[PDB]
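File shown: target.pdb (PDB, C-alpha atoms).
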MODEL        1
ATOM      1  CA  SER A   1     104.809  85.164 113.351
ATOM      2  CA  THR A   2     105.782  88.105 111.169
ATOM      3  CA  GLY A   3     104.924  89.606 107.784
ATOM      4  CA  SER A   4     106.772  91.922 105.376
ATOM      5  CA  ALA A   5     105.307  93.495 102.229
ATOM      6  CA  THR A   6     106.523  96.104  99.766
ATOM      7  CA  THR A   7     104.402  99.220  99.292
ATOM      8  CA  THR A   8     104.579 101.131  95.976
ATOM      9  CA  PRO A   9     103.546 104.695  95.008
ATOM     10  CA  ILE A  10     100.530 104.751  92.679
ATOM     11  CA  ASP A  11     101.979 107.592  90.591
ATOM     12  CA  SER A  12     104.954 109.917  90.122
ATOM     13  CA  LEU A  13     103.792 112.249  92.929
ATOM     14  CA  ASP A  14     103.415 109.632  95.715
ATOM     15  CA  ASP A  15      99.680 110.466  95.893
ATOM     16  CA  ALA A  16      99.131 107.156  97.705
ATOM     17  CA  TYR A  17     100.823 103.766  98.172
ATOM     18  CA  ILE A  18      99.508 100.286  97.328
ATOM     19  CA  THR A  19     100.445  96.995  98.956
ATOM     20  CA  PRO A  20      99.513  93.543  97.611
ATOM     21  CA  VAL A  21      97.134  91.539  99.840
ATOM     22  CA  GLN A  22      96.061  87.903  99.356
ATOM     23  CA  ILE A  23      92.359  87.261 100.037
ATOM     24  CA  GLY A  24      90.558  83.918  99.936
ATOM     25  CA  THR A  25      91.315  80.394  98.725
ATOM     26  CA  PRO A  26      92.795  80.137  96.167
ATOM     27  CA  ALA A  27      94.378  83.528  96.762
ATOM     28  CA  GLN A  28      92.966  86.596  95.033
ATOM     29  CA  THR A  29      95.601  89.334  95.137
ATOM     30  CA  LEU A  30      94.310  92.909  95.424
ATOM     31  CA  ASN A  31      96.396  96.085  95.787
ATOM     32  CA  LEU A  32      95.162  97.898  98.891
ATOM     33  CA  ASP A  33      95.841 101.344 100.365
ATOM     34  CA  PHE A  34      97.105 100.739 103.938
ATOM     35  CA  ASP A  35      95.490 103.468 106.028
ATOM     36  CA  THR A  36      96.525 104.158 109.637
ATOM     37  CA  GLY A  37      93.707 106.738 109.755
ATOM     38  CA  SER A  38      90.783 104.307 109.376
ATOM     39  CA  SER A  39      89.756 100.839 110.512
ATOM     40  CA  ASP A  40      87.833  99.100 107.692
ATOM     41  CA  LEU A  41      89.303  96.558 105.261
ATOM     42  CA  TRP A  42      87.112  97.030 102.178
ATOM     43  CA  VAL A  43      87.485  95.911  98.572
ATOM     44  CA  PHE A  44      86.128  96.364  95.096
ATOM     45  CA  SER A  45      84.209  93.164  94.445
ATOM     46  CA  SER A  46      81.873  91.172  92.232
ATOM     47  CA  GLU A  47      79.087  92.996  94.139
ATOM     48  CA  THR A  48      80.258  96.515  93.234
ATOM     49  CA  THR A  49      77.846  98.449  90.983
ATOM     50  CA  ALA A  50      79.266  97.790  87.520
ATOM     51  CA  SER A  51      79.304 101.434  86.371
ATOM     52  CA  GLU A  52      81.450 102.287  89.415
ATOM     53  CA  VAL A  53      84.227  99.824  88.510
ATOM     54  CA  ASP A  54      86.868 101.129  86.056
ATOM     55  CA  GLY A  55      90.011  99.001  85.920
ATOM     56  CA  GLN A  56      90.235  97.811  89.538
ATOM     57  CA  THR A  57      90.871  94.184  90.436
ATOM     58  CA  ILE A  58      87.826  92.751  92.214
ATOM     59  CA  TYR A  59      87.363  90.209  94.997
ATOM     60  CA  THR A  60      84.842  87.502  94.075
ATOM     61  CA  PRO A  61      83.808  85.714  97.270
ATOM     62  CA  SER A  62      81.899  82.993  95.379
ATOM     63  CA  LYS A  63      85.273  81.795  94.003
ATOM     64  CA  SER A  64      86.814  81.489  97.482
ATOM     65  CA  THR A  65      86.258  78.222  99.342
ATOM     66  CA  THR A  66      86.969  79.942 102.674
ATOM     67  CA  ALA A  67      84.614  82.937 102.192
ATOM     68  CA  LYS A  68      81.522  83.117 104.422
ATOM     69  CA  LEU A  69      78.828  85.794 104.331
ATOM     70  CA  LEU A  70      78.661  87.591 107.675
ATOM     71  CA  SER A  71      74.904  87.504 107.783
ATOM     72  CA  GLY A  72      73.148  90.807 108.349
ATOM     73  CA  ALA A  73      76.337  92.879 108.553
ATOM     74  CA  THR A  74      76.680  96.123 106.587
ATOM     75  CA  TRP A  75      79.237  98.923 106.489
ATOM     76  CA  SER A  76      79.401 102.518 105.316
ATOM     77  CA  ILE A  77      82.291 104.947 105.553
ATOM     78  CA  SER A  78      83.064 108.555 104.673
ATOM     79  CA  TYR A  79      86.633 109.837 104.522
ATOM     80  CA  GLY A  80      88.118 113.239 105.313
ATOM     81  CA  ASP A  81      88.481 114.045 101.630
ATOM     82  CA  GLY A  82      84.765 113.520 101.048
ATOM     83  CA  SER A  83      85.019 110.119  99.399
ATOM     84  CA  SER A  84      82.855 107.205 100.543
ATOM     85  CA  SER A  85      81.918 103.554 100.086
ATOM     86  CA  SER A  86      79.509 100.988 101.543
ATOM     87  CA  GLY A  87      78.352  97.393 101.260
ATOM     88  CA  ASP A  88      78.108  94.042 103.021
ATOM     89  CA  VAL A  89      80.632  91.767 104.733
ATOM     90  CA  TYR A  90      82.343  88.397 104.346
ATOM     91  CA  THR A  91      84.880  86.665 106.537
ATOM     92  CA  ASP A  92      87.827  85.106 104.727
ATOM     93  CA  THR A  93      91.533  84.320 104.984
ATOM     94  CA  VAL A  94      93.733  87.386 104.466
ATOM     95  CA  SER A  95      97.528  87.369 104.117
ATOM     96  CA  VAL A  96      99.958  90.294 104.005
ATOM     97  CA  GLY A  97     103.597  89.603 103.224
ATOM     98  CA  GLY A  98     103.424  86.033 104.526
ATOM     99  CA  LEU A  99     101.365  86.824 107.644
ATOM    100  CA  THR A 100      97.963  85.091 107.614
ATOM    101  CA  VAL A 101      94.745  85.911 109.474
ATOM    102  CA  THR A 102      91.792  83.536 109.267
ATOM    103  CA  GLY A 103      88.272  84.890 109.793
ATOM    104  CA  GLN A 104      89.143  88.463 108.796
ATOM    105  CA  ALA A 105      86.198  90.744 108.014
ATOM    106  CA  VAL A 106      86.456  91.633 104.335
ATOM    107  CA  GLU A 107      84.007  94.418 103.576
ATOM    108  CA  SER A 108      82.636  94.048 100.045
ATOM    109  CA  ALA A 109      81.715  97.313  98.318
ATOM    110  CA  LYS A 110      78.305  97.584  96.705
ATOM    111  CA  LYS A 111      78.816 101.327  96.134
ATOM    112  CA  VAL A 112      81.896 103.548  95.863
ATOM    113  CA  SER A 113      82.191 107.297  95.223
ATOM    114  CA  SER A 114      83.639 108.774  92.047
ATOM    115  CA  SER A 115      87.127 109.366  93.474
ATOM    116  CA  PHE A 116      87.510 105.606  94.011
ATOM    117  CA  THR A 117      86.117 104.658  90.589
ATOM    118  CA  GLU A 118      88.445 107.130  88.900
ATOM    119  CA  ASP A 119      91.528 105.630  90.586
ATOM    120  CA  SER A 120      92.208 102.379  88.733
ATOM    121  CA  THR A 121      95.287 101.562  90.841
ATOM    122  CA  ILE A 122      93.574 101.201  94.269
ATOM    123  CA  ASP A 123      91.510  98.023  94.769
ATOM    124  CA  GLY A 124      90.419  98.925  98.312
ATOM    125  CA  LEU A 125      91.668 100.021 101.737
ATOM    126  CA  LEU A 126      93.183  98.151 104.666
ATOM    127  CA  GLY A 127      92.604 100.091 107.872
ATOM    128  CA  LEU A 128      95.240 100.154 110.610
ATOM    129  CA  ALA A 129      93.753 102.639 113.095
ATOM    130  CA  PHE A 130      92.027 101.340 116.256
ATOM    131  CA  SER A 131      89.142  98.911 115.850
ATOM    132  CA  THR A 132      86.800 101.266 117.749
ATOM    133  CA  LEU A 133      86.456 103.189 114.439
ATOM    134  CA  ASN A 134      85.348 100.153 112.415
ATOM    135  CA  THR A 135      82.006 100.863 110.722
ATOM    136  CA  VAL A 136      80.500  97.347 110.505
ATOM    137  CA  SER A 137      76.997  97.130 111.959
ATOM    138  CA  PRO A 138      75.437  95.629 114.026
ATOM    139  CA  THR A 139      78.597  93.806 115.117
ATOM    140  CA  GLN A 140      81.764  95.899 114.917
ATOM    141  CA  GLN A 141      84.756  94.079 113.431
ATOM    142  CA  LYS A 142      88.487  94.043 114.172
ATOM    143  CA  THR A 143      91.297  95.305 111.940
ATOM    144  CA  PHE A 144      93.827  92.972 110.338
ATOM    145  CA  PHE A 145      96.445  94.137 112.874
ATOM    146  CA  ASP A 146      94.121  93.608 115.828
ATOM    147  CA  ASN A 147      93.364  90.055 114.636
ATOM    148  CA  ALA A 148      97.050  89.256 114.009
ATOM    149  CA  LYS A 149      98.415  90.857 117.174
ATOM    150  CA  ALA A 150      98.420  87.930 119.595
ATOM    151  CA  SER A 151     100.253  85.752 117.055
ATOM    152  CA  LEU A 152     102.933  88.316 116.212
ATOM    153  CA  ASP A 153     106.428  88.034 117.660
ATOM    154  CA  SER A 154     105.961  91.605 118.941
ATOM    155  CA  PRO A 155     102.658  93.552 118.858
ATOM    156  CA  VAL A 156     103.867  96.170 116.358
ATOM    157  CA  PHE A 157     103.827  97.178 112.715
ATOM    158  CA  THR A 158     106.152  99.600 110.950
ATOM    159  CA  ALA A 159     105.765 101.954 108.017
ATOM    160  CA  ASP A 160     108.798 102.789 105.881
ATOM    161  CA  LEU A 161     107.410 104.793 102.955
ATOM    162  CA  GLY A 162     109.627 105.795 100.053
ATOM    163  CA  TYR A 163     110.051 109.133  98.337
ATOM    164  CA  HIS A 164     109.321 108.496  94.667
ATOM    165  CA  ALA A 165     110.234 104.844  95.396
ATOM    166  CA  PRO A 166     108.854 101.666  96.985
ATOM    167  CA  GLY A 167     108.972 101.088 100.725
ATOM    168  CA  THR A 168     107.932  98.481 103.278
ATOM    169  CA  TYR A 169     105.246  97.571 105.804
ATOM    170  CA  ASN A 170     106.450  95.059 108.420
ATOM    171  CA  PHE A 171     104.303  93.258 110.989
ATOM    172  CA  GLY A 172     105.602  91.747 114.201
ATOM    173  CA  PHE A 173     109.220  92.970 114.175
ATOM    174  CA  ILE A 174     111.401  96.057 113.951
ATOM    175  CA  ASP A 175     114.022  95.893 111.162
ATOM    176  CA  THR A 176     117.070  97.452 112.820
ATOM    177  CA  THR A 177     118.787  97.812 109.420
ATOM    178  CA  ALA A 178     116.031 100.101 108.071
ATOM    179  CA  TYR A 179     116.836 103.304 110.002
ATOM    180  CA  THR A 180     119.753 105.397 111.237
ATOM    181  CA  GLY A 181     120.447 106.339 114.858
ATOM    182  CA  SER A 182     117.814 105.552 117.476
ATOM    183  CA  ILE A 183     114.020 105.353 117.476
ATOM    184  CA  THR A 184     112.377 107.999 119.656
ATOM    185  CA  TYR A 185     109.090 106.858 121.188
ATOM    186  CA  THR A 186     106.261 109.190 122.093
ATOM    187  CA  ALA A 187     102.873 108.828 123.814
ATOM    188  CA  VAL A 188      99.648 108.014 121.937
ATOM    189  CA  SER A 189      96.054 108.889 122.762
ATOM    190  CA  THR A 190      93.496 106.409 121.437
ATOM    191  CA  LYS A 191      90.536 108.529 122.590
ATOM    192  CA  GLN A 192      89.513 109.408 119.013
ATOM    193  CA  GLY A 193      90.506 105.993 117.602
ATOM    194  CA  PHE A 194      93.616 107.328 115.843
ATOM    195  CA  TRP A 195      97.378 107.077 116.329
ATOM    196  CA  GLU A 196      97.246 110.542 117.908
ATOM    197  CA  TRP A 197     100.408 112.084 119.351
ATOM    198  CA  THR A 198     101.954 115.485 120.157
ATOM    199  CA  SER A 199     104.886 116.850 118.200
ATOM    200  CA  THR A 200     107.245 119.074 120.162
ATOM    201  CA  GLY A 201     107.677 121.742 117.487
ATOM    202  CA  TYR A 202     109.049 122.670 114.076
ATOM    203  CA  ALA A 203     111.655 124.496 112.037
ATOM    204  CA  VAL A 204     111.610 125.919 108.499
ATOM    205  CA  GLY A 205     114.751 125.296 106.454
ATOM    206  CA  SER A 206     117.870 126.268 108.389
ATOM    207  CA  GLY A 207     115.794 128.364 110.805
ATOM    208  CA  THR A 208     115.643 128.069 114.563
ATOM    209  CA  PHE A 209     113.442 125.396 116.118
ATOM    210  CA  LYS A 210     110.161 126.630 117.591
ATOM    211  CA  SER A 211     109.132 124.642 120.671
ATOM    212  CA  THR A 212     105.368 124.269 120.572
ATOM    213  CA  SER A 213     102.979 121.346 121.115
ATOM    214  CA  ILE A 214     101.214 120.174 117.952
ATOM    215  CA  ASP A 215      98.611 117.450 118.462
ATOM    216  CA  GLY A 216      98.010 115.342 115.368
ATOM    217  CA  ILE A 217      97.580 111.889 113.847
ATOM    218  CA  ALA A 218     100.003 109.611 112.027
ATOM    219  CA  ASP A 219      98.002 108.832 108.899
ATOM    220  CA  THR A 220      99.459 106.789 106.036
ATOM    221  CA  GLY A 221      96.209 107.182 104.079
ATOM    222  CA  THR A 222      96.543 110.993 103.805
ATOM    223  CA  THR A 223      98.925 112.332 101.130
ATOM    224  CA  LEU A 224      99.952 115.678 102.596
ATOM    225  CA  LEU A 225     101.070 117.273 105.871
ATOM    226  CA  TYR A 226      98.267 119.333 107.427
ATOM    227  CA  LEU A 227      99.311 121.690 110.242
ATOM    228  CA  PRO A 228      97.978 124.821 111.992
ATOM    229  CA  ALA A 229      97.658 127.922 109.812
ATOM    230  CA  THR A 230     100.358 129.770 111.800
ATOM    231  CA  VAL A 231     102.925 127.021 111.089
ATOM    232  CA  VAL A 232     101.983 126.689 107.435
ATOM    233  CA  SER A 233     102.147 130.466 106.863
ATOM    234  CA  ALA A 234     105.636 130.527 108.429
ATOM    235  CA  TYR A 235     106.747 127.781 105.983
ATOM    236  CA  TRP A 236     105.374 129.344 102.777
ATOM    237  CA  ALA A 237     106.604 132.833 103.723
ATOM    238  CA  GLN A 238     110.081 131.451 102.965
ATOM    239  CA  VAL A 239     109.172 130.663  99.328
ATOM    240  CA  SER A 240     109.138 133.699  97.011
ATOM    241  CA  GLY A 241     105.792 134.025  95.276
ATOM    242  CA  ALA A 242     103.977 131.355  97.292
ATOM    243  CA  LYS A 243     100.359 132.148  98.151
ATOM    244  CA  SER A 244      97.187 130.492  99.362
ATOM    245  CA  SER A 245      94.775 130.101  96.468
ATOM    246  CA  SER A 246      91.113 129.616  97.314
ATOM    247  CA  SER A 247      90.427 128.613  93.692
ATOM    248  CA  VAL A 248      93.018 125.817  93.762
ATOM    249  CA  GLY A 249      92.297 124.902  97.394
ATOM    250  CA  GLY A 250      95.548 125.575  99.211
ATOM    251  CA  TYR A 251      99.057 126.952  98.990
ATOM    252  CA  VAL A 252     100.689 127.036  95.568
ATOM    253  CA  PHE A 253     104.158 128.190  94.607
ATOM    254  CA  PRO A 254     106.160 129.051  91.468
ATOM    255  CA  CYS A 255     107.486 125.843  89.928
ATOM    256  CA  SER A 256     110.845 127.670  89.541
ATOM    257  CA  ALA A 257     111.320 127.780  93.341
ATOM    258  CA  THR A 258     113.689 125.716  95.432
ATOM    259  CA  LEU A 259     111.701 124.620  98.501
ATOM    260  CA  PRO A 260     113.151 124.725 102.027
ATOM    261  CA  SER A 261     113.079 121.661 104.265
ATOM    262  CA  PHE A 262     110.609 121.321 107.144
ATOM    263  CA  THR A 263     111.611 119.809 110.496
ATOM    264  CA  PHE A 264     109.200 118.380 113.082
ATOM    265  CA  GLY A 265     109.955 117.388 116.663
ATOM    266  CA  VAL A 266     109.442 113.981 118.251
ATOM    267  CA  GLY A 267     110.360 114.509 121.894
ATOM    268  CA  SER A 268     113.942 115.825 121.835
ATOM    269  CA  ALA A 269     114.500 114.266 118.395
ATOM    270  CA  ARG A 270     114.028 115.874 114.978
ATOM    271  CA  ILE A 271     112.731 114.542 111.644
ATOM    272  CA  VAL A 272     113.748 116.528 108.556
ATOM    273  CA  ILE A 273     111.456 116.550 105.514
ATOM    274  CA  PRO A 274     113.548 117.549 102.454
ATOM    275  CA  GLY A 275     112.161 120.404 100.365
ATOM    276  CA  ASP A 276     111.652 118.144  97.340
ATOM    277  CA  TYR A 277     109.134 116.049  99.335
ATOM    278  CA  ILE A 278     106.917 119.152  99.556
ATOM    279  CA  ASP A 279     106.610 119.558  95.744
ATOM    280  CA  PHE A 280     103.376 118.152  94.300
ATOM    281  CA  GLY A 281     103.940 119.482  90.798
ATOM    282  CA  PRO A 282     101.957 121.656  88.374
ATOM    283  CA  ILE A 283      98.347 122.413  89.378
ATOM    284  CA  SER A 284      97.356 121.416  85.829
ATOM    285  CA  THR A 285      99.406 120.096  82.881
ATOM    286  CA  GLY A 286     101.755 122.779  81.574
ATOM    287  CA  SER A 287     101.186 125.217  84.444
ATOM    288  CA  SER A 288     104.052 127.040  86.142
ATOM    289  CA  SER A 289     102.121 127.108  89.440
ATOM    290  CA  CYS A 290     102.856 124.069  91.620
ATOM    291  CA  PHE A 291     100.887 122.585  94.504
ATOM    292  CA  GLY A 292     102.396 122.549  97.986
ATOM    293  CA  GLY A 293     102.766 119.488 100.185
ATOM    294  CA  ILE A 294     102.256 121.341 103.474
ATOM    295  CA  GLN A 295      98.746 122.733 103.903
ATOM    296  CA  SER A 296      96.573 124.233 106.651
ATOM    297  CA  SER A 297      94.510 121.931 108.851
ATOM    298  CA  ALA A 298      92.082 124.776 109.624
ATOM    299  CA  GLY A 299      88.597 123.428 109.044
ATOM    300  CA  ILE A 300      89.734 119.775 109.115
ATOM    301  CA  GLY A 301      89.509 119.841 112.883
ATOM    302  CA  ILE A 302      92.718 117.873 113.375
ATOM    303  CA  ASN A 303      96.380 118.098 112.346
ATOM    304  CA  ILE A 304      97.490 115.237 110.079
ATOM    305  CA  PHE A 305     101.012 113.859 109.729
ATOM    306  CA  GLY A 306     100.345 112.276 106.349
ATOM    307  CA  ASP A 307     102.708 110.694 103.816
ATOM    308  CA  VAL A 308     104.773 113.873 103.247
ATOM    309  CA  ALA A 309     105.898 113.666 106.886
ATOM    310  CA  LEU A 310     105.885 109.898 107.424
ATOM    311  CA  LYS A 311     107.990 109.085 104.358
ATOM    312  CA  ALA A 312     110.854 111.108 105.917
ATOM    313  CA  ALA A 313     110.942 108.588 108.793
ATOM    314  CA  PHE A 314     110.935 104.971 109.863
ATOM    315  CA  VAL A 315     107.710 104.804 111.896
ATOM    316  CA  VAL A 316     106.808 102.243 114.580
ATOM    317  CA  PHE A 317     103.142 101.716 115.415
ATOM    318  CA  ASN A 318     103.447  99.981 118.801
ATOM    319  CA  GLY A 319     100.211  98.175 119.674
ATOM    320  CA  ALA A 320     101.225  97.135 123.178
ATOM    321  CA  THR A 321      98.671  97.422 125.998
ATOM    322  CA  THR A 322      99.589 101.109 126.174
ATOM    323  CA  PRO A 323     100.224 102.034 122.531
ATOM    324  CA  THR A 324     103.071 104.354 121.515
ATOM    325  CA  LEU A 325     104.601 105.715 118.288
ATOM    326  CA  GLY A 326     108.277 105.622 117.363
ATOM    327  CA  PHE A 327     110.120 107.752 114.809
ATOM    328  CA  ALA A 328     113.654 107.380 113.462
ATOM    329  CA  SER A 329     115.550 109.077 110.665
ATOM    330  CA  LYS A 330     116.615 106.868 107.747
TER
ENDMDL
END
What would the structure in this file look like if it were written as structure tokens?
Amino acid sequence: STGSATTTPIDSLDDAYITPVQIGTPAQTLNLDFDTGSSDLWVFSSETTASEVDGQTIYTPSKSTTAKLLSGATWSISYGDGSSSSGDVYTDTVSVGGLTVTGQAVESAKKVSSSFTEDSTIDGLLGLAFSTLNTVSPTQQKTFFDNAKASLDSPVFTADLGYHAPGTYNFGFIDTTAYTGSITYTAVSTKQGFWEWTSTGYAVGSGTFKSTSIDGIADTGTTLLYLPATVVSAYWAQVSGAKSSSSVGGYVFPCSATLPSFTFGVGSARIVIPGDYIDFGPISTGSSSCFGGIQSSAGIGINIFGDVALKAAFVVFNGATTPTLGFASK
């Protein structure tokens, strides 16, 4: 089998992407944030504290003839950005882009943090990291990809995120029309439960390539590119007037600037992030200070190849017995 679904930016800055997901019978369609950095499929629901729901579409398991309470199971998750959610668990039929899994753990939120409530466009998350990170207790549950894998034509999914435009998540096949040149594959460590890999270096604008190993994760659920402070300082030094602002929480730059590109290495291959992808707009309405899309990972504890980086590429998440990652230009 295969599946193919369009993913759409939630706003004009590509702060996140939402993908429609069918849950239950008859189908209830919710717009979920596909997150290769976590492993829980959780939704706003009829069980979510009413004051914490503001415009989201909810899953109502009592209206689904295929929903079953997973008795005794609970979940609770905290994300890198400090947001969180928790609740109980149902199993139900879940379909993405024509690909159907029966018996999928659908984690129903009883509580969500303010960041989730305040974002009316995201109805929940669909985790695509390794199932070892799943938070369901006392019986850990599998991700949608893990459940689908044996049925797929090939044990892979791909992310093709757009810049200020829709893109695609495919399951079970590699669309050879969706990228230019060849896909370069690189080793993955699953030791921390992430799609963790090692970039071979970077360049700033038209500058020379610096060969240096940068360990990080491919994370579709993180907006920005988070790299070591040395690398990030070298980037922003090429933008007149750019500075790290502790009050804003990262590097900012004059909105009048033209940003240089940023290149990262994948083996001997190179992915070029255009300068425009690094512009996250005014820090507040009307300001002439703009937020940068490349930020320091210092104090995160890990480097993160988030959407800023991934949207410059066609990315293969290969879930073979020994997983790998593939990157192509597009």
Shell of 10 Å around residue 53 (chain A), all atoms listed in the file, local chain residues under 4 positions omitted, as a ChimeraX atom specification
/A:44-46,48-49,57-58,111-112,114,116-120,123
So which residues get picked by the PyMOL selection byres ((chain A and resi 304) around 6) here, written as number ranges by chain?
A: 216-217, 225-226, 303, 305-306
Restrict the selected residues to C-alpha atoms and save them as a compact mmCIF listing (two decimals), in the frame of the given file.
# COMPACT_ATOMS: atom_id res chain seq x y z
CA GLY A 216 98.01 115.34 115.37
CA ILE A 217 97.58 111.89 113.85
CA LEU A 225 101.07 117.27 105.87
CA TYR A 226 98.27 119.33 107.43
CA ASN A 303 96.38 118.10 112.35
CA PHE A 305 101.01 113.86 109.73
CA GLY A 306 100.34 112.28 106.35
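Against the coordinates shown, the PyMOL selection byres ((chain A and resi 241-253) around 7) returns residues 236, 239, 240, 254, 255, 289, 290, 291, 292 and 295 of chain A.
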Which residues fall under the PyMOL selection byres ((chain A and resi 80-94) around 6) in this file, as number ranges by chain?
A: 22-24, 66-70, 73-79, 95, 100-113
Here is a test: counting all atoms listed in the file, which residue of A:30, A:187, A:237, A:96 is nearest to residue 4 (chain A)?
A:96
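The two atoms in question, CA of residue 52 (chain A) and CA of residue 124 (chain A), are spaced 13.1 Å apart.
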Which residues are near residue 156 (chain A)? Cut-off 7 Å, all atoms listed in the file, ignore same chain within fewer than 5 positions. Put them as a ChimeraX atom specification.
/A:171-173,316-319
Compile the contact shell of residue 211 (chain A) as an mmCIF file with C-alpha atoms, keeping the file's coordinate frame: residues with an atom at most 8 Å away, counting all atoms listed in the file, same-chain residues fewer than 4 positions apart removed.
data_model
loop_
_atom_site.group_PDB
_atom_site.id
_atom_site.type_symbol
_atom_site.label_atom_id
_atom_site.label_comp_id
_atom_site.auth_asym_id
_atom_site.auth_seq_id
_atom_site.Cartn_x
_atom_site.Cartn_y
_atom_site.Cartn_z
ATOM 1 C CA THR A 200 107.245 119.074 120.162
ATOM 2 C CA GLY A 201 107.677 121.742 117.487
ATOM 3 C CA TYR A 202 109.049 122.670 114.076
#
In Å, how far is it from CA of residue 288 (chain A) to CA of residue 18 (chain A)?
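Spanning CA of residue 288 (chain A) to CA of residue 18 (chain A) is a straight-line distance of 29.4 Å.
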What's around residue 235 (chain A) at 9 Å? Count all atoms listed in the file, leave out sequence neighbours fewer than 3 positions away in its own chain, and write the answer as a list in words.
residues 203, 204, 205, 230, 231, 232, 238, 239, 260, 261, 262 and 294 of chain A
Record the distance separating CA of residue 51 (chain A) and CA of residue 26 (chain A), expressed in Å with one decimal.
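Rounded to one decimal, the two atoms are 27.0 Å apart.
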List every protein, DNA or RNA residue that has an atom no more than 12 Å from (102.6, 103.4, 95.1) in the file's coordinate frame, counting only C-alpha atoms, and report them as a ChimeraX atom specification.
/A:6-20,31-34,121-122,161-168,220-221,223,307
With 6 Å added on each side, what axis-aligned box encloses every listed atom of region 56-75 of chain A? Give the centre and edge lengths in Å to one decimal, as lines of an AutoDock Vina configuration file.
center_x = 82.0
center_y = 88.6
center_z = 99.0
size_x = 29.7
size_y = 32.7
size_z = 31.0
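Shortest separation to residue 297 (chain A) among A:322, A:274, A:229, A:283 occurs at residue A:229, atoms counted being all atoms listed in the file.
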I'd like to know which of A:179, A:130, A:185, A:195 is closest to residue 314 (chain A), using only C-alpha atoms.
A:179
